[PDB]
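Engineer: Line by line, the protein sequences give chains A, B and C.
Under UniProt numbering, think of the first position of the first sequence as 4, with each following residue one higher.
Under UniProt numbering, think of the first position of the second sequence as 6, with each following residue one higher.
Under UniProt numbering, think of the first position of the third sequence as 4, with each following residue one higher.
The beta carbon of each residue, even a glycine, is placed where N, CA and C say it ideally should be.
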Amino acid sequence: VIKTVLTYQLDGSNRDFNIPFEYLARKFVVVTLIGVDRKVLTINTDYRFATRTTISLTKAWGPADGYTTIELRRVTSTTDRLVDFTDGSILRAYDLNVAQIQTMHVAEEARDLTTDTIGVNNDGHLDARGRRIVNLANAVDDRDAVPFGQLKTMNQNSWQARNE
Amino acid sequence: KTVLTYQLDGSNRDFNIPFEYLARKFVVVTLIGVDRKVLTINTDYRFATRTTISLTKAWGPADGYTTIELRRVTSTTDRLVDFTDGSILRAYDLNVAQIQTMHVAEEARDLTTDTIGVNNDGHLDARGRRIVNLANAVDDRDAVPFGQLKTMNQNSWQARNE
Amino acid sequence: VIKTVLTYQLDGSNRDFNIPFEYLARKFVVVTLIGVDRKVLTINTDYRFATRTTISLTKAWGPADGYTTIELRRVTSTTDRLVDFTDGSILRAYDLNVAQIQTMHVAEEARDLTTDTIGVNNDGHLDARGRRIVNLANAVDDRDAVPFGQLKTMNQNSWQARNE
């Protein structure tokens with residue numbers, strides 16, 4: 004019910020932001036300014052956790068700089084798992100809880116990401132929202148595809164056929 | 006697998022549940038007819054037997070609803086297993102925790118594949134649809150909209166019509 | 004963003020490609036030469052793990068064979084567990100580590116598949132991941148996408164028209 008993307012609005016001078024979701028480590032919260040391009044931001048110079056679930060921006064970051072949204076995302080690192088059971092440890096239940104929480108967080112981040120990929124139009128048609136598809140195989144064993152190179156070549160073919 | 010729809014077929018009561026669910030609340034049933042509406046538990050459903058749900062009312066197409074659903078929604082904020090120090094650490098708890106996480110992962114997988122998804126031959130399944138919104142293509146491998154083509158062989162398709 | 008699916012351009016006579024993703028078992032690593040069609044190799048007959056994190060193809064497999072990229076991929080069997088806890092077991096640390104690793108890896112696979120379908124890539128453009136839209140599709144509005152069959156008809160009708 005709680006997503007992990009939270010595309011916000013810069014709307015000029017607004018330095019505070021909220022985190023509806025919950026995270027394990029500070030590093031798992033990734034915030035990238037959005038606009039003409041996307042840029043990741045660092046800690047102690049762009050972020051500051053004023054309080055749990057409160058990101059503070061050091062610079063005003065209005066649209067003048069060329070950005071429109073913040074998109075607070077949660078990304079739990081997989082390689083850097085929080086807990087690694089050792090041979091001589093005591094096996095506190097806290098370790099098991101932390102591990103299970105981390106895996107659940109990764110899965111939840113997965114469901115939210117798929118709703119953050121290609122959308123579908125209300126009428127039942129795929130919608131690219133003004134984007135352009137790229138690097139799609141120009142294989143035409145079937146009757147349908149949509150690459151650009153063979154389009155150009157067969158455009159040349161049809162054009163010279165007409166010129167005939 | 007997780008998402009399975011059934012045609013109402015006028016009057017019917019029972020419907021099989023293919024997938025596995027750790028808790029009753031996870032199974033979600035929606036009347037996807039004129040509008041997709043959920044139904045409450047122990048009011049419109051009565052489960053009945055593991056792997057089977059029971060509807061209290063017929064709910065035929067004449068009632069305004071054509072199809073139902075058995076989507077699984079495993080909770081991500083509530084954990085069926087919550088380990089504590091003062092416990093015998095039953096293995097079934099360990100297995101249940103892992104299975105719950107895998108179930109959430111499968112939910113994500115099927116939700117992604119709900120829209121355009123890969124084919125058995127590693128191909129995108131548009132499923133007889135068209136990409137209504139598509140920006141201009143300016144690369145060799147890009148997907149060309151219809152206007153850009155209108156500024157190409159379309160001219161030729163008319164220049165040869167005369 | 005994807006970390007468990009890497010695509011390397013074959014480049015004629017090359018055979019070594021590293022595996023940055025951590026695979027629990029060899030059988031969970033699949034290599035699929037992408038070309039005119041996707042081909043799947045086998046262990047000890049087409050390629051071998053020269054050592055951990057690297058695979059040596061037996062043959063060059065360059066573009067001359069119609070395949071351009073290798074696209075080695077990770078897939079962890081969700082149904083089959085590498086570690087299953089029993090009642091009278093001994094609970095080795097390795098067992099807990101393996102269970103947690105497998106769960107986290109399947110979550111990674113979920114995220115990878117989330118991004119595999121057409122979605123925003125690093126450059127910010129919907130990416131076909133070198134794959135081909137295959138079953139049906141037709142154009143109607145000038146702003147929509149075009150199937151290949153429509154263009155084929157547009158060309159062949161013009162050709163036969165000229166042929167009169």
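1. In terms of residues, what are the limits of the beta strand (DSSP E) holding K42(B)?
2. In chain order, what residues of the same chain lie with their CB nearer than 7 Å to the CB of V78(A), ignoring the 5 residues before and after it?
3. Which same chain residues end up closer than 8 Å to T35(B) when comparing Cβ atoms and leaving out the 5 residues on each side of it in sequence?
4. Compile a chain-ordered list of the residues in the region 136–164 of chain C whose CB is closer than 9 Å to at least one CB of chain B.
5. When every heavy atom of the ligand ADP is checked, does at least one fall within less than 8 Å of the C-beta of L60(B)?
6. Can you tell me whether residue 180(B) is buried or exposed, with buried defined as 16 or more other CB within 10 angstroms of its CB?
7. Which runs of the alpha helix (DSSP H) at least 4 residues long sit entirely within the region 84–147 of chain A? Give them in chain order.
8. Based on DSSP bridge pairs, tell me the residues matched to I46(A).
9. Does the region 119–129 of chain C come close enough to the region 117–137 of chain B to have 3 or more Cβ pairs within less than 8 Å?
10. Would you mind telling me which residues of chain A sit closer than 7 Å to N100(C), beta carbon to beta carbon, in chain order?
11. At a CB-CB cut-off below 9 Å, which residues of chain B make contact with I73(C)?
12. Under 9 Å between beta-carbons, which chain C residues line up against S92(A)? List them in chain order, please.
13. Any idea which residues DSSP pairs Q12(B) with across the strands?
14. On a CA-only basis, which of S16(C), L139(C), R146(C), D126(C) is nearest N138(A)? Give me that one, please.
15. Quick one: give me the first and last residue of the alpha helix (DSSP H) that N21(C) is part of.
16. Between the beta-carbon of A96(B) and the beta-carbon of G15(B), is there less than 9 Å?
17. Taking its Cβ as the centre, do 16 or more other Cβ atoms sit within 10 Å of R165(B), making it buried, or is it exposed?
18. Would you tell me roughly how many angstroms separate the C-alpha atoms of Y26(B) and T56(B), rounded to the nearest one?
19. Under 9 Å, Cβ to Cβ, is there at least one residue of chain B near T120(A)?
20. Is it true that the CB of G152(B) sits closer than 9 Å to the CB of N141(B)?
21. Since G152(B) is in the alpha helix (DSSP H), which residue starts that stretch and which ends it?
22. Just confirm the distance between the C-beta atoms of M107(C) and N158(B), as a whole number of angstroms; I'd bet it's less than 8 Å.
23. Can you pull the chain B residues whose beta carbon is under 8 Å from the beta carbon of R41(C), in chain order?
24. Quick one: what's got a C-beta closer than 7 Å to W64(C)'s C-beta in the same chain, skipping five residues either side?
25. Using a Cβ-Cβ distance cut-off of 9 Å, determine whether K62(C) contacts chain A.
Structural biologist: According to the data block:
1. Against the second sequence, residue 42(B) aligns to sequence position 37. Unbroken beta strand (DSSP E) run through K42(B): 41–43.
2. In the first sequence, the residue the question calls residue 78(A) occupies position 75. If we look at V78(A) and ignore the five residues flanking it on each side, its Cβ neighbours are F31, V33, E112.
3. Here residue 35(B) refers to the residue found at position 30 when the second sequence is read from its first residue. So the list reads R41, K42, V43, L44, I73, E74, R76, once near-sequence residues are dropped.
4. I136, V137, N138, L139, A140, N141, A142, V143, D144, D145, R146, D147, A148, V149, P150, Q153, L154, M157, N158, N160, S161, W162, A164
5. Summarising the ligand content, the structure contains no ligands, and the ligand ADP is consequently not present.
6. Nothing about residue 180(B) can be read from this structure; chain B reaches only from 6 to 167.
7. For the region 84–147 of chain A, whole alpha helix (DSSP H) runs of length 4 or above, ordered along the chain, are 96–117.
8. For the purposes of this step, residue 46(A) is taken as the residue at position 43 of the first sequence. Paired residue(s): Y50(A).
9. yes
10. Taking the first residue of the third sequence as position 1, residue 100(C) is located at position 97. Per Cβ cutoff of 7 Å: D87, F88.
11. On the third sequence, residue 73(C) is found 70 positions in, with the first residue counted as 1. Under the 9 Å cutoff, chain B gives no residues; its nearest Cβ is about 14 Å from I73(C).
12. Within the first sequence, residue 92(A) is the residue found at index 89, counting from 1. Near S92(A) (Cβ distances below 9 Å), the residues of chain C are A96.
13. Counted from its first residue, the second sequence places residue 12(B) at position 7. In DSSP, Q12(B) forms a bridge with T72(B).
14. As a position in the first sequence, residue 138(A) is number 135, starting the count at 1. In terms of Cα proximity to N138(A), the closest of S16(C), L139(C), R146(C), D126(C) is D126(C).
15. Here residue 21(C) is taken as the residue at index 18 of the third sequence, counted from 1. That residue, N21(C), is in no alpha helix (DSSP H); its beta strand (DSSP E) goes 19–21.
16. Numbered from its first residue, the second sequence carries residue 96(B) at position 91. Numbered from its first residue, the second sequence carries residue 15(B) at position 10. Contact: no.
17. The residue you call residue 165(B) lines up with position 160 of the second sequence. Buried, by the Cβ-count rule.
18. Numbered from its first residue, the second sequence carries residue 26(B) at position 21. Numbered from its first residue, the second sequence carries residue 56(B) at position 51. C-alpha separation (whole angstroms): 9 Å.
19. Locating residue 120(A) in the first sequence gives position 117, where the first residue counts as 1. Closer than 9 Å: yes.
20. Residue mapping note: residue 141(B) aligns to position 136 of the second sequence, counting from 1. Residue mapping note: residue 152(B) aligns to position 147 of the second sequence, counting from 1. By the CB criterion at 9 Å, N141(B) and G152(B) fall inside the cutoff.
21. Position 147 of the second sequence, counted from the first residue, corresponds to residue 152(B). That run of the alpha helix (DSSP H) goes 151–155.
22. One-based indexing of the third sequence puts residue 107(C) at position 104. One-based indexing of the second sequence puts residue 158(B) at position 153. At roughly 51 Å, the Cβ-Cβ gap does not stay under 8 Å, so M107(C) and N158(B) are not in contact.
23. Looking up residue 41(C) in the third sequence gives position 38. Those within 8 Å of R41(C) in chain B are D126, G127.
24. In the third sequence, the residue the question calls residue 64(C) occupies position 61. The answer, listed in chain order, is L13, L36, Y70.
25. Here the question's residue 62(C) lines up with position 59 in the third sequence. At a cut-off of 9 Å between beta carbons, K62(C) makes no contact with chain A.
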